[PDB]
Each structure stands twice: as C-alpha cells, then as structure tokens.
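Just the one chain here, laid out as structure tokens, in the form deposited without 2,5-dihydroxybenzoic acid.
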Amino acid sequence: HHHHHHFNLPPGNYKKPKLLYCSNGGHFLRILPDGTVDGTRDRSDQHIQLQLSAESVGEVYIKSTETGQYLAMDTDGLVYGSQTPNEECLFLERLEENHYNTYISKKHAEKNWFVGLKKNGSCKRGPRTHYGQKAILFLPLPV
C-alpha cells in the first residue's frame, strides 16, 4: 500500500500534460520515439510533452503525448520507453524537499531506484540514484 515509503504527495493534478523539468542540469525529461530516454534543454522539442495518470493514489504512469510510449525502468535499472503499460511503467510520485517531485520505480521500490537526469542530460541507472541528489528532483511545468 505505502510500499515502505513516506506518503508526502505533491500538489497538482493530471488534468493536463506537463513537462518534467530536472533541477540538476535544467533538462526536460525526453522520451525518444526509438524507446530512448534522456533530457534536453530545448523547450521546442516535440518529445518532452508527458501526460501523467494515476493508477492508484500516489502511483503514476508517465506517457508521451507525442508517441504514446510509457516511461519505464528495466530489471537492470535502465530507463526506457515502453509501447505498452506493464509493471515496469508504474512510479511512486512523491513530494521531495517540500517542493519537488520524485519518481521511484514501483517494481524496484525497495531499492530506492528513481528517475533521474545527470547534468549532462543523460538518464541515471536505478542503482546510481539516491535520496539527496539533485538528479532526482523534478518540477512539473505546464506545456
């Protein structure tokens, strides 16, 4: 239910799409049509528009409005874009530092694997992410 994690939730809803802005390097979470996932500073990019949806309270899907691909994290902690929703597509959306949004792999929740962007714009691998990093901090902006 709580998945052994705090339950501080961020404000806001899923009514409209959003951009997931990463504090770390100022990148927007990007889901490439090829299943590639990274971050870009280009506000005009057509693959940064994401529609979040709540499966259950605090659990979301992050889907690309452009491609329809779901954000996901594999068994080895690699983030990728899935054509279909599966257990690797669910994330625990939580409030962080009383301000930001963090996304913890539900499948790998016990290991604290988050979605995160490096200063260079490249995704981090599950095991490389951790509480306290700027890489995991996101700001949902209107498109």
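Note that residue numbering begins at 1 and tracks the sequence as displayed.
- Between 108-116 and 29-37, it is 29-37 that carries the larger average Cα temperature factor according to the deposited entry.
- For the pair 95-103 and 63-71, the mean B factor over Cα atoms is greater in 63-71.
- Annotation for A54: CA B-factor lies in the highest third of the chain's modelled residues.
- Sorting the modelled residues of the chain by their CA temperature factor places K124 in the middle third.
- Among all modelled residues in this chain, the alpha-carbon of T84 has a temperature factor (C-alpha) in the lowest third.
- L78: CA B factor in the middle third of modelled residues in this chain (values from the PDB entry).
- Remark: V143 belongs to the highest third of its chain, ranked by C-alpha B-factor as recorded.
Separately, the form solved in complex with 2,5-dihydroxybenzoic acid exists; it is not shown, and the next lines address it.
- In this form the binding site remains open, since 2,5-dihydroxybenzoic acid, overlaid from its pose in the bound PDB entry, puts no atom within 2.4 angstroms of a backbone or C-beta atom.
- The candidate spot formed by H47, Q51 and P142 lies out of contact with 2,5-dihydroxybenzoic acid in the bound PDB entry, as no residue has a heavy atom within 4.5 Å of it.
- Within this chain, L19 is remote from the site of 2,5-dihydroxybenzoic acid in the bound PDB entry, having no heavy atom within 4.5 Å.
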